[PDB]
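J.: Before I ask anything, let me first share the structure, which is written out below as structure tokens.
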Amino acid sequence: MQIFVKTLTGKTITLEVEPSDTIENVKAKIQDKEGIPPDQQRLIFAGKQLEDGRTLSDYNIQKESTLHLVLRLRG
Amino acid sequence: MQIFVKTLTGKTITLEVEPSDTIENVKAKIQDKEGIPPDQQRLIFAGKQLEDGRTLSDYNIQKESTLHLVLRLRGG
Ligand SMILES: [Cl-]
Ligand SMILES: [Co+2]
Ligand SMILES: [Co+2]
Ligand SMILES: [Mg+2]
């Protein structure tokens, strides 16, 4: 299954995922393509913030869903 | 010879077919009626997926048999 992530540059990347992957698994896949560490990633879907221990299916994230990556700065 | 084709939402299409029609021939008749490419179609009769290359009679599909059309999610 493929999903898309609108990254910090505004470009779009594609991830190979499975329906039960956690948000932290997704974050790991994002750090591989983009070089943003997971602790600094905030993932947003249908306007909503996604939580680490929940799964894609928990949010009914299906194939070709786009997630939006935002920097989490905790200064 | 007539058969019924049922979709996921329970819509029913009727097809005019022949006993020796191939499964490819049936997919082509569904393409004509519904506009779905044959490559996106899976056809099931009595729980069994029908295979390209085989005929209606290979599966004992007779007048008034019902087939279920399952669509390949387009790409993924
Ligand atoms: Cl015919
Ligand atoms: Co007839
Ligand atoms: Co009768
Ligand atoms: Mg896949």
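Naming works like this for the structure tokens: A, B, ... for the chains as they're shown, residue 1 at the start of each chain, ligands 1 onward in shown order.
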What are the nearest atom pairs, with distances in Å to one decimal, for all residues of chain B that come at most 12 Å from ligand 4, using only C-alpha atoms and all ligand atoms, set out by chain and rising residue number as CSV?

T.:
residue,atom,partner,partner_atom_place_in_ligand_line,distance
B:73,CA,ligand 4,1 (Mg),11.9
B:75,CA,ligand 4,1 (Mg),9.8
B:76,CA,ligand 4,1 (Mg),7.1

J.: Please provide the set of residues having any atom within 12 Å of residue 60 (chain B), restricted to only C-alpha atoms, with same-chain residues fewer than 2 positions apart removed, written as an MDAnalysis selection string.

T.: chainID B and resid 19:21 45:46 48 50 54:58 62:66

J.: How about saving the chosen residues, N, CA, C and O atoms kept, as an mmCIF file, in the first residue's frame?

T.:
data_model
loop_
_atom_site.group_PDB
_atom_site.id
_atom_site.type_symbol
_atom_site.label_atom_id
_atom_site.label_comp_id
_atom_site.auth_asym_id
_atom_site.auth_seq_id
_atom_site.Cartn_x
_atom_site.Cartn_y
_atom_site.Cartn_z
ATOM 1 N N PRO B 19 -23.064 -20.343 -23.925
ATOM 2 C CA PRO B 19 -22.370 -21.315 -23.060
ATOM 3 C C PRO B 19 -20.875 -21.408 -23.263
ATOM 4 O O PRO B 19 -20.143 -21.615 -22.300
ATOM 5 N N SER B 20 -20.410 -21.286 -24.502
ATOM 6 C CA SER B 20 -18.993 -21.401 -24.778
ATOM 7 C C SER B 20 -18.215 -20.059 -24.742
ATOM 8 O O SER B 20 -17.009 -20.028 -24.975
ATOM 9 N N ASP B 21 -18.893 -18.986 -24.344
ATOM 10 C CA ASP B 21 -18.211 -17.715 -24.133
ATOM 11 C C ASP B 21 -17.077 -17.894 -23.136
ATOM 12 O O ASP B 21 -17.269 -18.496 -22.075
ATOM 13 N N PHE B 45 -18.083 -16.881 -9.363
ATOM 14 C CA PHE B 45 -19.325 -17.653 -9.419
ATOM 15 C C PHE B 45 -19.285 -18.760 -8.360
ATOM 16 O O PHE B 45 -18.342 -19.561 -8.309
ATOM 17 N N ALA B 46 -20.314 -18.793 -7.515
ATOM 18 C CA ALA B 46 -20.414 -19.733 -6.419
ATOM 19 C C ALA B 46 -19.096 -19.776 -5.625
ATOM 20 O O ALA B 46 -18.553 -20.858 -5.367
ATOM 21 N N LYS B 48 -16.055 -19.026 -6.476
ATOM 22 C CA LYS B 48 -14.818 -19.235 -7.264
ATOM 23 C C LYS B 48 -14.539 -18.133 -8.291
ATOM 24 O O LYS B 48 -15.399 -17.777 -9.105
ATOM 25 N N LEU B 50 -13.303 -16.764 -11.603
ATOM 26 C CA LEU B 50 -13.310 -17.292 -12.964
ATOM 27 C C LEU B 50 -12.008 -16.879 -13.685
ATOM 28 O O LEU B 50 -11.509 -15.762 -13.505
ATOM 29 N N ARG B 54 -10.801 -19.763 -19.768
ATOM 30 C CA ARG B 54 -11.839 -20.763 -19.536
ATOM 31 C C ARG B 54 -13.195 -20.266 -20.052
ATOM 32 O O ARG B 54 -13.362 -19.083 -20.324
ATOM 33 N N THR B 55 -14.161 -21.173 -20.156
ATOM 34 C CA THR B 55 -15.489 -20.829 -20.676
ATOM 35 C C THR B 55 -16.535 -20.899 -19.548
ATOM 36 O O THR B 55 -16.277 -21.503 -18.481
ATOM 37 N N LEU B 56 -17.699 -20.288 -19.788
ATOM 38 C CA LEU B 56 -18.880 -20.429 -18.919
ATOM 39 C C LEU B 56 -19.226 -21.912 -18.608
ATOM 40 O O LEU B 56 -19.409 -22.274 -17.440
ATOM 41 N N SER B 57 -19.256 -22.761 -19.627
ATOM 42 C CA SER B 57 -19.534 -24.187 -19.419
ATOM 43 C C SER B 57 -18.500 -24.945 -18.576
ATOM 44 O O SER B 57 -18.883 -25.897 -17.885
ATOM 45 N N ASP B 58 -17.226 -24.518 -18.592
ATOM 46 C CA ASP B 58 -16.188 -25.123 -17.725
ATOM 47 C C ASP B 58 -16.585 -25.013 -16.265
ATOM 48 O O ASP B 58 -16.186 -25.838 -15.451
ATOM 49 N N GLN B 62 -25.000 -21.574 -16.160
ATOM 50 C CA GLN B 62 -26.106 -21.815 -17.059
ATOM 51 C C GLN B 62 -26.982 -20.585 -17.131
ATOM 52 O O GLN B 62 -26.672 -19.598 -16.484
ATOM 53 N N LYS B 63 -28.045 -20.630 -17.933
ATOM 54 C CA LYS B 63 -29.051 -19.567 -17.982
ATOM 55 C C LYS B 63 -29.415 -19.171 -16.544
ATOM 56 O O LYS B 63 -29.637 -20.059 -15.710
ATOM 57 N N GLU B 64 -29.465 -17.864 -16.252
ATOM 58 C CA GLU B 64 -29.933 -17.337 -14.946
ATOM 59 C C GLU B 64 -28.958 -17.477 -13.772
ATOM 60 O O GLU B 64 -29.298 -17.136 -12.638
ATOM 61 N N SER B 65 -27.761 -17.996 -14.057
ATOM 62 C CA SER B 65 -26.663 -17.971 -13.099
ATOM 63 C C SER B 65 -26.330 -16.495 -12.744
ATOM 64 O O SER B 65 -26.538 -15.597 -13.561
ATOM 65 N N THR B 66 -25.833 -16.266 -11.531
ATOM 66 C CA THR B 66 -25.396 -14.945 -11.078
ATOM 67 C C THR B 66 -23.906 -14.940 -10.840
ATOM 68 O O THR B 66 -23.372 -15.849 -10.214
#

J.: I'd like the neighbourhood of residue 33 (chain B) as a list in words, where a residue qualifies if any of its atoms comes within 12 Å (using only C-alpha atoms), though same-chain residues fewer than 2 positions away should be ignored.

T.: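 Final neighbour list, sorted by chain and number: residues 5, 12, 13, 14, 15, 16, 26, 27, 28, 29, 30, 31, 35, 36, 37 and 38 of chain B.
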
J.: Okay, now the selection with N, CA and C atoms, as a compact mmCIF listing (two decimals), in the first residue's frame?

T.:
# COMPACT_ATOMS: atom_id res chain seq x y z
N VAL B 5 -25.12 -10.17 -13.44
CA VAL B 5 -23.85 -9.78 -12.84
C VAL B 5 -24.16 -8.80 -11.72
N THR B 12 -27.56 -4.71 -10.30
CA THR B 12 -27.64 -5.91 -11.12
C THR B 12 -27.61 -5.59 -12.60
N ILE B 13 -26.63 -6.15 -13.28
CA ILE B 13 -26.58 -6.02 -14.73
C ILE B 13 -26.94 -7.35 -15.40
N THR B 14 -27.72 -7.29 -16.46
CA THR B 14 -28.03 -8.49 -17.25
C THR B 14 -27.20 -8.56 -18.52
N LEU B 15 -26.63 -9.74 -18.79
CA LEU B 15 -25.84 -9.99 -20.01
C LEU B 15 -26.40 -11.11 -20.87
N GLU B 16 -26.36 -10.88 -22.17
CA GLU B 16 -26.68 -11.92 -23.14
C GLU B 16 -25.38 -12.65 -23.48
N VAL B 26 -16.87 -12.36 -21.44
CA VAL B 26 -17.82 -11.80 -20.46
C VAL B 26 -17.31 -10.42 -19.97
N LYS B 27 -16.01 -10.33 -19.69
CA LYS B 27 -15.40 -9.05 -19.23
C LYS B 27 -15.59 -7.96 -20.29
N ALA B 28 -15.48 -8.34 -21.56
CA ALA B 28 -15.71 -7.40 -22.66
C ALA B 28 -17.16 -6.91 -22.73
N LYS B 29 -18.11 -7.80 -22.50
CA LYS B 29 -19.51 -7.38 -22.42
C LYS B 29 -19.78 -6.46 -21.21
N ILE B 30 -19.07 -6.67 -20.09
CA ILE B 30 -19.21 -5.75 -18.94
C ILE B 30 -18.58 -4.38 -19.24
N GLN B 31 -17.45 -4.40 -19.94
CA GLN B 31 -16.84 -3.16 -20.40
C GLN B 31 -17.79 -2.30 -21.27
N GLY B 35 -18.29 0.27 -18.75
CA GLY B 35 -17.10 1.05 -19.07
C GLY B 35 -15.89 0.73 -18.21
N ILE B 36 -15.86 -0.46 -17.62
CA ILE B 36 -14.76 -0.87 -16.75
C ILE B 36 -13.78 -1.73 -17.58
N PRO B 37 -12.49 -1.38 -17.61
CA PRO B 37 -11.50 -2.16 -18.35
C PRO B 37 -11.49 -3.61 -17.85
N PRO B 38 -11.37 -4.60 -18.76
CA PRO B 38 -11.37 -6.00 -18.29
C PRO B 38 -10.29 -6.33 -17.26

J.: Tell me, as a ChimeraX atom specification, which residues lie within 9 Å of residue 25 (chain A), counting only C-alpha atoms; anything in the same chain fewer than 5 positions away does not count.

T.: /A:17,30,52

J.: Determine, counting only C-alpha atoms, which protein, DNA and RNA residues have an atom within 9 Å of an atom of residue 29 (chain A); residues of the same chain fewer than 3 positions away are not included. Present the result as a ChimeraX atom specification.

T.: /A:15-17,24-26,32-34

J.: Once DSSP has gone over the backbone, tell me which residues of chain B are in strand (DSSP E), as a count of residues only.

T.: 23

J.: Counting only C-alpha atoms, which residues of chain A come no farther than 8 Å from chain B, as a PyMOL selection string?

T.: chain A and resi 1-2+63-64

J.: I'd like the neighbourhood of residue 49 (chain B) as a PyMOL selection string, where a residue qualifies if any of its atoms comes within 10 Å (using only C-alpha atoms), though same-chain residues fewer than 4 positions away should be ignored.

T.: chain B and resi 42-45+67-70

J.: Using N, CA and C atoms, can you write the selected residues to a file as an mmCIF file, in the first residue's frame?

T.:
data_model
loop_
_atom_site.group_PDB
_atom_site.id
_atom_site.type_symbol
_atom_site.label_atom_id
_atom_site.label_comp_id
_atom_site.auth_asym_id
_atom_site.auth_seq_id
_atom_site.Cartn_x
_atom_site.Cartn_y
_atom_site.Cartn_z
ATOM 1 N N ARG B 42 -12.670 -8.705 -11.602
ATOM 2 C CA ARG B 42 -12.602 -10.099 -11.183
ATOM 3 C C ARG B 42 -14.027 -10.611 -11.124
ATOM 4 N N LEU B 43 -14.250 -11.802 -11.669
ATOM 5 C CA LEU B 43 -15.562 -12.370 -11.693
ATOM 6 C C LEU B 43 -15.574 -13.638 -10.840
ATOM 7 N N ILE B 44 -16.574 -13.756 -9.971
ATOM 8 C CA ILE B 44 -16.736 -14.887 -9.055
ATOM 9 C C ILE B 44 -18.098 -15.562 -9.315
ATOM 10 N N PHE B 45 -18.083 -16.881 -9.363
ATOM 11 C CA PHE B 45 -19.325 -17.653 -9.419
ATOM 12 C C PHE B 45 -19.285 -18.760 -8.360
ATOM 13 N N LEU B 67 -23.237 -13.950 -11.416
ATOM 14 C CA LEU B 67 -21.814 -13.720 -11.224
ATOM 15 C C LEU B 67 -21.643 -12.482 -10.365
ATOM 16 N N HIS B 68 -20.557 -12.431 -9.603
ATOM 17 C CA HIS B 68 -20.274 -11.258 -8.792
ATOM 18 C C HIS B 68 -19.029 -10.590 -9.358
ATOM 19 N N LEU B 69 -19.188 -9.316 -9.686
ATOM 20 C CA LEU B 69 -18.122 -8.491 -10.179
ATOM 21 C C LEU B 69 -17.393 -7.813 -9.007
ATOM 22 N N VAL B 70 -16.108 -8.110 -8.873
ATOM 23 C CA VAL B 70 -15.238 -7.503 -7.863
ATOM 24 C C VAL B 70 -14.236 -6.648 -8.599
#

J.: Would you mind writing down, as a JSON list (two decimals) with N, CA, C and O atoms, in the first residue's frame, each residue of chain A that DSSP on the backbone assigns to helix (DSSP H, G or I)?

T.:
[["chain", "number", "residue", "atom", "x", "y", "z"],
["A", 23, "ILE", "N", 2.09, 5.38, 13.56],
["A", 23, "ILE", "CA", 2.57, 6.70, 13.23],
["A", 23, "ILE", "C", 4.11, 6.78, 13.43],
["A", 23, "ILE", "O", 4.77, 7.42, 12.61],
["A", 24, "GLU", "N", 4.67, 6.12, 14.45],
["A", 24, "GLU", "CA", 6.13, 6.17, 14.60],
["A", 24, "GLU", "C", 6.87, 5.44, 13.47],
["A", 24, "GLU", "O", 7.95, 5.92, 13.06],
["A", 25, "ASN", "N", 6.29, 4.35, 12.96],
["A", 25, "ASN", "CA", 6.81, 3.62, 11.79],
["A", 25, "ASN", "C", 6.83, 4.52, 10.56],
["A", 25, "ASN", "O", 7.84, 4.59, 9.83],
["A", 26, "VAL", "N", 5.74, 5.24, 10.36],
["A", 26, "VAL", "CA", 5.65, 6.23, 9.30],
["A", 26, "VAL", "C", 6.73, 7.30, 9.47],
["A", 26, "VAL", "O", 7.41, 7.66, 8.53],
["A", 27, "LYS", "N", 6.92, 7.76, 10.70],
["A", 27, "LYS", "CA", 7.92, 8.77, 10.96],
["A", 27, "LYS", "C", 9.31, 8.27, 10.59],
["A", 27, "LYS", "O", 10.09, 9.02, 9.99],
["A", 28, "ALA", "N", 9.61, 7.01, 10.89],
["A", 28, "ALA", "CA", 10.88, 6.40, 10.52],
["A", 28, "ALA", "C", 11.07, 6.36, 9.00],
["A", 28, "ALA", "O", 12.18, 6.54, 8.49],
["A", 29, "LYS", "N", 9.98, 6.11, 8.28],
["A", 29, "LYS", "CA", 10.05, 6.04, 6.83],
["A", 29, "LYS", "C", 10.33, 7.44, 6.29],
["A", 29, "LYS", "O", 11.11, 7.59, 5.35],
["A", 30, "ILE", "N", 9.73, 8.46, 6.91],
["A", 30, "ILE", "CA", 9.96, 9.88, 6.53],
["A", 30, "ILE", "C", 11.38, 10.37, 6.77],
["A", 30, "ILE", "O", 11.94, 11.19, 6.00],
["A", 31, "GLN", "N", 11.99, 9.89, 7.85],
["A", 31, "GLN", "CA", 13.32, 10.36, 8.15],
["A", 31, "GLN", "C", 14.33, 9.82, 7.13],
["A", 31, "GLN", "O", 15.32, 10.49, 6.82],
["A", 32, "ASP", "N", 14.02, 8.63, 6.58],
["A", 32, "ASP", "CA", 14.84, 8.00, 5.54],
["A", 32, "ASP", "C", 14.89, 8.83, 4.26],
["A", 32, "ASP", "O", 15.95, 8.95, 3.66],
["A", 33, "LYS", "N", 13.75, 9.37, 3.83],
["A", 33, "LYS", "CA", 13.72, 10.17, 2.61],
["A", 33, "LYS", "C", 14.13, 11.62, 2.86],
["A", 33, "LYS", "O", 14.86, 12.21, 2.05],
["A", 34, "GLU", "N", 13.72, 12.19, 4.00],
["A", 34, "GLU", "CA", 13.85, 13.63, 4.20],
["A", 34, "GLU", "C", 14.97, 14.13, 5.15],
["A", 34, "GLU", "O", 15.39, 15.30, 5.05],
["A", 38, "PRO", "N", 12.33, 11.73, 13.88],
["A", 38, "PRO", "CA", 10.92, 11.53, 14.23],
["A", 38, "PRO", "C", 10.45, 12.41, 15.39],
["A", 38, "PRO", "O", 9.31, 12.87, 15.37],
["A", 39, "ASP", "N", 11.32, 12.67, 16.35],
["A", 39, "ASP", "CA", 11.03, 13.56, 17.49],
["A", 39, "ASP", "C", 10.71, 14.98, 17.02],
["A", 39, "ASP", "O", 10.03, 15.74, 17.72],
["A", 40, "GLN", "N", 11.21, 15.35, 15.84],
["A", 40, "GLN", "CA", 10.88, 16.66, 15.27],
["A", 40, "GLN", "C", 9.79, 16.68, 14.20],
["A", 40, "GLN", "O", 9.55, 17.70, 13.56],
["A", 57, "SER", "N", -4.78, 2.52, 10.15],
["A", 57, "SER", "CA", -6.20, 2.08, 10.12],
["A", 57, "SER", "C", -7.05, 2.77, 11.21],
["A", 57, "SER", "O", -8.20, 3.12, 10.94],
["A", 58, "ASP", "N", -6.48, 2.97, 12.40],
["A", 58, "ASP", "CA", -7.14, 3.77, 13.47],
["A", 58, "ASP", "C", -7.64, 5.12, 12.95],
["A", 58, "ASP", "O", -8.68, 5.59, 13.39],
["A", 59, "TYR", "N", -6.90, 5.73, 12.03],
["A", 59, "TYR", "CA", -7.30, 7.00, 11.43],
["A", 59, "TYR", "C", -7.99, 6.84, 10.06],
["A", 59, "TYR", "O", -8.17, 7.82, 9.32]]

J.: Excluding residue 41 (chain A) and residues on its chain fewer than 4 positions from it, collect all residues at most 9 Å away from it, counting only C-alpha atoms, and give them as a PyMOL selection string.

T.: chain A and resi 27+30-31+36-37+69-73

J.: Residues within 7 Å of ligand 2 should be enumerated using only C-alpha atoms and all ligand atoms and returned as a VMD selection string.

T.: chain B and resid 1 to 2 16 to 17

J.: Check the smallest atom-to-atom distance from each of B:41, B:72, B:23, B:18 to ligand 1 using only C-alpha atoms and all ligand atoms, then report the winner.

T.: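 Of the candidates, the smallest distance to ligand 1 is held by B:18.
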
J.: Identify which of the residues B:53, B:39, B:32, B:25 lies closest to ligand 1, counting only C-alpha atoms and all ligand atoms when measuring atom-to-atom distances.

T.: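 Using only C-alpha atoms and all ligand atoms, the shortest distance to ligand 1 belongs to B:25.
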
J.: Take CA of residue 6 (chain A) and CA of residue 43 (chain A) and report the distance between them in Å, one decimal.

T.: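 Pair CA of residue 6 (chain A) / CA of residue 43 (chain A) returns 9.8 Å.
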
J.: Pick from B:40, B:61, B:3, B:47: nearest to ligand 1, with only C-alpha atoms and all ligand atoms counted?

T.: B:3
